[PDB]
Each structure stands twice: as C-alpha cells, then as structure tokens.
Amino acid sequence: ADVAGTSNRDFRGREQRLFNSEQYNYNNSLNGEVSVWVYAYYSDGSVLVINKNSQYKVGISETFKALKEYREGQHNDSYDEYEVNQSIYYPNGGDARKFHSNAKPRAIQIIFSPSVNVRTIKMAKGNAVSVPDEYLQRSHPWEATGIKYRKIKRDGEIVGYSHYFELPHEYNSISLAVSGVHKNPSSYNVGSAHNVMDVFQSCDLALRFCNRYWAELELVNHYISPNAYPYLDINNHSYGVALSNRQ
C-alpha cells in the first residue's frame, strides 16, 4: 500500500475528513437538530443550564421563579424565598428577611447551535410577573436579538452563537423566553402543508435538560466538553469542535 500521509490513497484520512464533514453538514440539513441553551449564573459561582434540542425550531421559556437558584437536597430558605418573590412581583409586597436574594441570577448567557439561522432568533425578556414591556397592552411579544449574538469560533469555524447579558442591578428581575429556527436556505417551507404535522410533532419530540453545576469549571469539564457543545467562558475563551473539512 501507499505510505500514510503521502498520497491521495490515504483512504483512512479521507474517511476521517468525510466523517467530520458529514457531521457538520447533517446538523445543518433540515433533518438535523437545532439546540438552545440558557445559562443562569449565580453569585455562589454555580450555573443552571437549561437545554432544549429539536428539529425545525427550538426554544425555552422560564418564569422568574424557575430561574432562581435551587440547590437539590439542600436548604433553600424556601419560606423566605416565597416572600422574596412577593416583594419582587410588587414593591414592598413581601415580608422577606433579606434585601437581595442570592438565588437571583447575576447574568444570563443564551447559546444556539450553529444550525440556527441567527436572523430568526427571538427573545421575550419580561419582568418578574412575565410581562415583556411594563404592561401587556403596549408589549411586543419578542425582540429579534440576532444582531447581538457573537460567533463562537474554533479553528476559524462557527461552532455556535452567544448572547450574554449581566443582571448586576437590584432591578434586574426577569422572566425569559428565547426561540430560534433551524437554518433553511431552501424554498421548501418546513411549515407548509406538506410537512406541518411533522413540525407539530417536533413540539412533542424535543428533548429538554436542566441541571445546576457548582462552578463554570465543572460545567466546562463535565457538560460542555464531553458533549462537544459550544460555549464562551467568563474569560472569553471559546469552546467547541470544528468539524467541516477537518480531521
């Protein structure tokens, strides 16, 4: 046989490159997943991740209460935290024994898979009673925020998109929903009559995940990296795997 790495008959190397390329491309086909992650960062260094994976379109919608830190199997000040909520829903509406709940997120990072079309991203960032803009009567139900997403890149390939915002002020008390649509450069509408019932099924079939990791280190080591997910850490370091035309 020819010698490895010296001619066009290194079929092992050609198959390696094709295997990676096909992964990249399959995900971007209409058969492929689109995924979103919402990361909520707490003052104790812990991080809640919420992930949804679906065909065609994907999104996550959470209440104010759902985004607050919850330590499974530990004490969570749960009566006092009911009261915090009451005081957040209406000023002076509660009887809490603290000024600022350390369970409130300090920041949020939204990440989409590279299979989203960024122009389709929509976000409803509401207040703590789930109203997008002060009063329902004047609320648009979402903002198209794609322009603010940064490309997460590795080895010059886009591995995902990130939108990050801090909530460092006392008044940053939010509800949040986000949604994006899988790329579709074709003229075949996935929601056209021929395929609409499959998009309806996709609502049922989407897989969801949530978990609280104790540190960004643990999130990177045991959630982002092992699953080849895209990420951007507090130091602006990019995580993910470049696959297109690569060994």
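So that there is no doubt, residue numbering starts at 1 and follows the sequence shown. In this text, the rigid core denotes the largest set of C-alpha atoms whose superposition between the two forms falls within 1.5 Å.
*in 5 other deposited structures of this protein, superposed by the rigid core, which stretch departs further from the shown form in CA positions, 173 to 181 or 152 to 160?*
Clearly, after the core fit, the stretch farther away in 5 other deposited structures of this protein is 173 to 181.
*Line up the rigid core: which moves more in 5 other deposited structures of this protein, 107 to 115 or 135 to 143, by C-alpha RMS?*
The more displaced stretch in 5 other deposited structures of this protein turns out to be 135 to 143.
_In a third or more of the other compared PDB entries with flanking residues modelled, does residue 128 go missing?_
Yes; at least one third of the other entries leave residue 128 out.
*Would you mind comparing 237 to 245 and 4 to 12 for me and telling me which has the higher average C-alpha temperature factor in the entry?*
Higher mean C-alpha B-factor in the PDB entry: 4 to 12.
*Do the CA atoms of 16 to 24 or those of 221 to 229 have the higher mean B-factor in the entry?*
Comparing 16 to 24 with 221 to 229, the higher mean C-alpha B-factor belongs to 16 to 24.
*Taking the Cα B-factors listed in the entry, which of 150, 75, 119, 104 comes out highest?*
Comparing C-alpha B-factors across 150, 75, 119, 104, the top value belongs to 75.
_According to the Cα B-factor stored in this entry, which of the following is highest: 33, 44, 204, 216?_
In the PDB entry, the greatest C-alpha B-factor among 33, 44, 204, 216 is found at 204.
*Going by the recorded CA B-factors, say which third of the chain residue 158 sits in, lowest, middle or highest.*
Highest third of the chain for residue 158's C-alpha B-factor.
*Classify residue 145 as lowest, middle or highest third according to the C-alpha B-factor given in the PDB entry, relative to its own chain.*
Its C-alpha B-factor, which the entry lists for residue 145, ranks in the lowest third among residues of this chain.
*residue 99's Cα B-factor: lowest, middle or highest third of the chain?*
Middle third by C-alpha B-factor.
*Divide the modelled residues of the chain into thirds by Cα B-factor and specify which third, lowest, middle or highest, holds residue 89.*
Answer is middle: the recorded C-alpha B-factor places it there.
*Hey, what third does residue 176 fall into on Cα B-factor, ranked over its chain?*
CA B-factor rank for residue 176: lowest third.
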